[PDB]
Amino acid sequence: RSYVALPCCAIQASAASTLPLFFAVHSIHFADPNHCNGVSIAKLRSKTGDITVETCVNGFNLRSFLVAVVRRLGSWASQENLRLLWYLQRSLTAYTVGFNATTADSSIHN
């Protein structure tokens, strides 16, 4: 679950009710502000049987979730945890400077 063939995706209205449980997510795949037309999206990869399930999620919301998760580690936060936290903060602000109506539109990646 290292490299995705469809890095850009559209957020579907049905996903909010059929989200996989957090402990079911195998991997998280983040895009670039220099990719996917600037659209801040992400891909959860979970698995049911032979089928790896890919869920298109909000980049801002998932980044803020991971920020909250890392911040609650406190003293136990390792070097790599803090590097992850700094990636999350930097990419949040980067996606924020270019947040537009064109950028909130993820349906183009259908």
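Numbers follow the displayed sequence, beginning with 1.
Undergrad: Averaging only over Cα atoms, indicate whether 71 to 79 or 51 to 59 has the higher B-factor in the PDB entry.
TA: Going by the record's values, the stretch with the higher mean is 71 to 79.
Undergrad: With respect to C-alpha B-factor, does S91 fall in the lowest, middle or highest third of the chain as deposited?
TA: According to the entry, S91 has a C-alpha B-factor in the chain's lowest third.
Undergrad: Thinking about Cα B factors across the chain, which third does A13 belong to?
TA: Its C-alpha B-factor, which the entry lists for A13, ranks in the lowest third among residues of this chain.
Undergrad: Would you please rank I108 by its C-alpha temperature factor against the other modelled residues of its chain and give the third it falls in: lowest, middle or highest?
TA: According to the entry, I108 has a C-alpha B-factor in the chain's highest third.
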